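Just the one chain here, the form deposited in one PDB entry, laid out as structure tokens.
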């Protein structure tokens, strides 16, 4: 009993947009283990419940006092005296404490902080770093440092501009270490600022939620030549690929069954799913686009399947809102061959055990796994250890700008250093 959970305490803290979120400390004899919960803006309809207070007098209703109370008064007292090494057991206990399919009673934001902190307490109990401990939980045979996929032109709900599609990313796929990958990413980002400033002017180089540039662009094609120019100017021709996140659900009108390419503007530009496939095929041909995430609405399984088959072997199709890190949605995606990459978001599902199960299910069926931040992030670095632990080779955790993004990139540097020069880097299919 001396080695068990001694204290569990939740508190409301701010995320990188200044919105409240939940952080949890688990205390054991080995110390205080702290994990914070991120928060999406373009949240899928099938995501586990993010519980907010709705008190118009605090943060216009975005308080997390109820989720914090649920940690302090409900979940915490159940965990005291328990063996933190029993990850599946404690995650299952919290699932049953909640008793609902969507974590709508306690909140996925109450449960996840606990799940995360338990795993860190356990890693400390074993006397191994978090990535090592999580690797054992996941049965991972080979750790690797991931290629970082840097969202450097921000759009959608994340900026700032007319641009309807959410994320335009660069990934140093030909780097041979994480150190080099991160430096190359930063150098291109710096070149990109100069290019954007020259083309669009001073007022164009302020940043979006994920640290990417938020230039005054409307056209979804327009960022792509700019990315290639920055890659070239920084001295890294040939070393980079492009990744997209369309977040296409956010533009979609269910009644009209079409996508609004100008939803942040006074007048609409209605576009069909077929008009989109033509665009995606053109993108994949004109540029080294190796990954397109959420190219269609979150329930367009047929659209997803069509593009997955069309770009088979050239461009992975990533489910994010389609799959919501959830084995049930993933099984539907597998059955329909809807996509071949999982965007893994721990807070889409709400426990470490379930997120791990989702990764394993995806990899067993031949998919890649891209571990992911949310657009509302914290100083928390859990996903850096998690992506190494899963050996997936792919992470997106922001542009190389803003501390809630660079904290993850830096933690990856520290892990790289621990593992030494024989540690694998990158995603083999892209190298």
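Residue numbers count along the first chain shown, from 1. Definition used throughout: the rigid core is the maximal C-alpha set that superposes within 1.5 Å between two forms.
Another form, the form deposited in another entry, is not on view; read the next lines as being about it.
Once the two forms are fitted on their rigid core, between the shown form and the other one the CA displacement reaches 2 Å or more only for 221 among 221, 102, 206, 176. Superposition of the core reveals a Cα shift of 2 Å or more for residue 42 between the shown form and the other one. Put the two forms on the same core and the Cα of residue 340 is off by less than 2 Å between the shown form and the other one. Core-superposed comparison between the shown form and the other one: the Cα of residue 157 travels 2 Å or more.
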